[PDB]
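This document opens with one chain alone, in structure tokens, the form deposited without the named molecule.
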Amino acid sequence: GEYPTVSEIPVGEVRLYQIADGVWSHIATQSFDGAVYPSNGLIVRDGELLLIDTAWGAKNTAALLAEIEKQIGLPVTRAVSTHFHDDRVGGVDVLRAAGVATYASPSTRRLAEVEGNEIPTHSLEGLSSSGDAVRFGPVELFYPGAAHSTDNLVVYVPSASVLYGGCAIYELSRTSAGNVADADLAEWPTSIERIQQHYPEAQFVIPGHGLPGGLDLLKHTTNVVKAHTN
């Protein structure tokens, strides 16, 4: 409202939502565990376009690039995967084939390889330690520590005050913990606080899945994960 939900997007298709000038999110849907799950990403204008995360599938990522050209008309040249799970590196092959330079942290590339997922080409330097931040085009890449995964990153747009938290951040509609298989429930709460303390000026917070909001998503996630912990 007007952000597109799980309904409002047929499977295989992708839709864009402009959050600010030169800043969009791309919304896709996927069937897993017997439920249609939505999934968010980010598109940031870089003068060319910088992509954050795939659209959760080769077919969806192809629809993503197709939708970008239809409605933005600028070429995607770089892509970054926030962690190694298939909903973030799934479609990296399609991106690579189209001429996009794909990026990811050394940890993410390794864990993706071990898991047997698509491996981004380039290695992002300087995100090894908890609290590390780097500059990659119009965004700042930040590693808050282990949370949803030991390797998850969050993306911030200092030009639009947009904070893309990936799956490390739950939407408000989510009451319980999602996929915590490779998650660190012990370090998750500390990691969320690093984001809060490093990006207290975020206007719009984009979770990995669902509707966007404000910084209130952080302690909400903290409330969910801590409840799941017990």
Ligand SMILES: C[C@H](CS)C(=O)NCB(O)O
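Note that residue numbering follows the sequence shown and begins at 1.
One more form of this protein exists, namely the form deposited with the named molecule bound; it is left out here, but the text below deals with it.
Stretch 172-180 is the answer when you ask which of 193-201, 157-165, 65-73, 172-180 has residues with heavy atoms within 4.5 Å of the named molecule in the entry with it bound. Proximity of residue 15 to the named molecule in the entry with it bound falls outside the 4.5 Å heavy atom cutoff. Although the partner is absent here, residue 83 lies within 4.5 Å of the named molecule in the entry with it bound, judged by heavy atoms. The named molecule is not shown here, and in the entry with it bound it never comes within 4.5 Å of any heavy atom of residue 151. Contacts of stretch 19-39 with the named molecule in the entry with it bound, defined by any heavy atom lying within 4.5 Å, are made by 32, 37, listed in sequence order.
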